[PDB]
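Have a look at the structure below before the remarks.
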Amino acid sequence: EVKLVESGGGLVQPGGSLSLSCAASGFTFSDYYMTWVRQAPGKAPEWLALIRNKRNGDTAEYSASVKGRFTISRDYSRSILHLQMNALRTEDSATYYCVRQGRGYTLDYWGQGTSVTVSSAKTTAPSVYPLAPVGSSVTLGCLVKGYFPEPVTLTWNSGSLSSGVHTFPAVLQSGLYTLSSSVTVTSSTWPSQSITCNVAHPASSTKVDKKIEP
Amino acid sequence: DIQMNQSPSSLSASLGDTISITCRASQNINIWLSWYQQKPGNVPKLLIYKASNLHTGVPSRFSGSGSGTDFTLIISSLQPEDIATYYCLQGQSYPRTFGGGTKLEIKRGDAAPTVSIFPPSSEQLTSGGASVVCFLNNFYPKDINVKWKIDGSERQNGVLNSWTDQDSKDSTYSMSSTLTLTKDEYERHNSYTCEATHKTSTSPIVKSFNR
Ligand SMILES: N[C@H]1[C@@H](O[C@H]2[C@@H](O[C@H]3[C@@H](O[C@@H]4[C@@H](O)[C@@H](O[C@@H]5[C@H](O)[C@@H](O[C@@H]6[C@H](O)[C@@H](O[C@H]7[C@@H]([C@H](O)CO)O[C@@](O)(C(=O)O)C[C@H]7O[C@]7(C(=O)O)C[C@@H](O)[C@@H](O)[C@@H]([C@H](O)CO)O7)O[C@H]([C@@H](O)CO)[C@H]6OP(=O)(O)O)O[C@H]([C@@H](O)CO[C@H]6O[C@H]([C@@H](O)CO)[C@@H](O)[C@H](O)[C@@H]6O)[C@H]5OP(=O)(O)O)O[C@H](CO[C@H]5O[C@H](CO)[C@H](O)[C@H](O)[C@H]5O)[C@H]4O)O[C@H](CO)[C@@H](O)[C@@H]3O)O[C@H](CO)[C@@H](O)[C@@H]2O)O[C@H](CO)[C@@H](O)[C@@H]1O
């Protein structure tokens with residue numbers, strides 16, 4: 001299976017720089033032109049750069065929005081695609097994707113993406129608050145406040161509890177995000193069995209577990 | 001630069017319906033036109049390349065047609081999993097350009113929200129804040145409003161709302177509403193209530209607790 005794994009994203013101040021990397025596997029890397037495409041939330045994807053392969057000199061093309069500020073490159077020794085980003089602005093915040101061009105000028109396989117936030121707001125770890133109820137089924141929750149930047153990853157029982165969950169998009173207020181999640185189970189499931197909110201925040205290298213108690 | 005214009009920008013259709021989405025290029029692009037589906041929270045995935053060719057693994061319910069400037073994606077027999085934004089992409093010229101997308105929403109019967117209210121956690125109060133949370137879950141249509149009241153009075157400031165995208169299994173929507181106060185402001189009042197206005201009731205559904 002074709003796989004593209006981006007890394008290097010994170011929070012950077014306006015005016016700063018970042019270097020993204022993309023590890024390719026599952027195809028002959030040298031046979032494909034490669035690209036970077038980004039997507040801001042609720043906007044269409046925006047293509048940023050393409051690099052050809054050795055026959056064409058590893059030559060490249062850029063969108064006007066990044067030409068002169070971003071540089072695409074590729075390392076055949078490790079099958080890694082890179083994007084160096086300079087002079088970043090708040091409008092440069094998005095999920096960045098490593099994307100292969102296949103035959104016929106199609107962008108055929110996209111990575112998972114790496115999140116980039118350009119902001120002068122500082123990294124802060126989240127507070128995680130358990131939300132226990134005040135017949136039949138019961139809804140419990142987890143409130144995550146006080147953090148920056150996105151993303152957090154929220155699971156229930158370390159990912160073992162995935163049904164009945166609603167994890168709400170994070171909302172920004174005054175430089176701090178709030179996120180929440182509800183989980184609905186049978187009243188015979190809880191409190192007799194343990195239900196715990198886990199919140200990972202890579203930007204602060206924090207993983208918080210909060211058991212919901214009566 | 002080649003502008004890709006997609007139509008309609010949003011569509012609501014019934015399960016089992018045939019739908020038809022359009023992409024028009026501002027210049028000839030021959031057959032270099034691909035279509036993508038992006039399910040909520042997911043990355044874009046290729047459906048059709050070279051205008052009309054089905055990508056490996058993409059249900060035969062999807063098909064594409066067109067050449068030159070005007071292209072169409074058909075989805076036969078709409079399934080709940082098809083909730084997504086669809087985008088086209090031209091690969092004729094640089095810069096590579098995408099259409100602005102068509103957001104697909106699935107029609108379904110009305111469903112009232114299941115509403116749950118949560119007083120501040122003792123951890124939060126220890127640290128000095130007091131958030132009260134209401135979840136309004138699994139409802140349809142998407143249109144909803146929430147009103148907070150403290151001892152019977154409308155509170156507006158301090159409220160943070162978030163909504164999920166459409167659920168790909170039951171085609172419902174959910175919302176969370178968090179009212180944040182100081183611990184001291186919270187302790188000056190007793191009654192906390194959230195009220196949801198929705199199609200499914202002529203009067204607000206309310207949930208309440210008394211500190
Ligand atoms: N060019 C173009 C354009 O023009 C424009 C521009 O100009 C600019 C620029 O230039 C340039 C660029 O563009 C680029 O180009 C490239 C070329 O053209 C080509 O190439 C190719 C490749 O390399 C290969 O291919 C082949 C194969 C392989 O081999 C296999 O492995 O593959 C295939 O098959 C596939 O895959 O498909 C293809 C093939 O090819 C062919 C054949 O058949 O062969 C040919 C071609 O042409 C075509 O036709 C194709 C189709 O599509 C089909 O038909 O085919 O190889 C080849 C050979 O060699 C081999 O024998 C070559 O050729 P040539 O002729 O050149 O030799 O082509 C490319 C692309 O298009 C392709 O695509 C395809 O493929 C891909 C891959 O796979 C490849 O590998 C994929 O990805 C896709 O999807 C598809 O499929 C082009 O690119 P683009 O980007 O454009 O697109 O580059 C160049 C460089 O390179 C060159 O040179 C070098 C040195 O330097 C060396 O010599 C080399 O060899 C060569 O090639 C460049 O030059 O840029 C420059 C710089 O900067 C400048 O100066 C110029 O000016 O632009 C302008 C402004 O805007 C304008 O004016 C112009 O016009 O376009 C046009 C119109 O459209 C046209 O006509 C032209 O051609």
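When a ligand or atom number is given, it counts from 1 through the structure's own listing order. To find a chain, count down the sequence lines: A is the first, B the second, and so on, and within it residues start at 1.
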Ionic contact status for [Y] with [X], cut-off 4.0 Å:
X: A:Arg38; Y: A:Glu46; answer: yes
X: B:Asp82; Y: B:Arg61; answer: yes
X: B:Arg96; Y: A:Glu61; answer: no

Is it the case that the ring center of B:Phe135 lies less than 6.0 angstrom away from the ring center of B:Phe118?
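Yes, the ring centres sit under 6.0 Å apart.
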Centroid-to-centroid, B:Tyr86 to B:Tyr36, below 6.0 Å?
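Not close enough - the centres of the two rings lie 6.0 Å or further apart.
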Near ligand 1, which residues have a heavy atom under 4.0 Å away from one of its atoms?
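Lining ligand 1 at under 4.0 Å, by heavy atoms, one finds A:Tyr33, A:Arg52, A:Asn53, A:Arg55, A:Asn56, A:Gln101, A:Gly102, A:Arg103, A:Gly104, A:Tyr105, B:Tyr94.
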Distance (rounded to the nearest 0.5 Å) between B:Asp167 CG and B:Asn137 CG:
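CG of B:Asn137 is found 10.5 Å from CG of B:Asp167.
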